[PDB]
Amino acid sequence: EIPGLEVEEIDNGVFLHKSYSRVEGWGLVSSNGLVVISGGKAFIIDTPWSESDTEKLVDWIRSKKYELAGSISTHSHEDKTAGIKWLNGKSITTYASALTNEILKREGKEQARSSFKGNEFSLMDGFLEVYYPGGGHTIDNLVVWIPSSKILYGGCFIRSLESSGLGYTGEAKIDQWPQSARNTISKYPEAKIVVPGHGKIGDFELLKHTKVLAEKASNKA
């Protein structure tokens, strides 16, 4: 049925992975995550949308002779957490925020093995910096900053420039999203690449674009 995992280089040691699902009401949808390398170690930012494709990603990483260090999921939705169970099973360390894990638990879902409280966190010897900007797409959505290459992974908190609206807003914090977007613009003024949870990567404009969309939705509402 659905097309398979894609892996694409977007900067030295930074790979965009793209996986697919059908979603009722939305049709065939793709989802982004990253694989980030430091010193031969690979860190997954968001799992693919399926167990199969999570295994494919891990196999790709091993075939490139990288050491797999772990994964972080940037909110609870299945497009970013589908592979947590499989990874757990392989004793690959999975991370999420404590809040994200509570949502997963409340919904009867597999939790990440490690979690963190607080609005910031760092992984892989500080090569990844994690930040909670406040609610937007969801109450728990996180972003991940790669300071060395000034790449911001926005996840579904950040919309692609081709999007006229906010996407799936059934669990959004529409009224909080503008200030959260503003927080992210203030924190990452020099971001060079911004990676949305869905769609095409771009530059810092994705942050401005998402703030406008959030403001528009909040005002309309």
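Numbering starts at 1 and runs along the sequence shown.
- Of the two stretches examined, 84-92 and 128-136, the record assigns the greater average C-alpha temperature factor to 84-92.
- Once the C-alpha B-factors are averaged per stretch, 58-66 and 163-171 rank with 58-66 first.
- The PDB entry assigns residue 47 a C-alpha temperature factor belonging to the lowest third of its chain's modelled residues.
- Residue-level temperature factors show residue 23 in the highest third of its chain, judged at the C-alpha atom.
- The PDB entry assigns residue 150 a C-alpha temperature factor belonging to the middle third of its chain's modelled residues.
- In the deposited entry, the Cα temperature factor of residue 37 sits in the middle third of values across the chain's modelled residues.
- Placement of the Cα temperature factor of residue 31 within the chain: lowest third of the modelled residues, per the deposited record.
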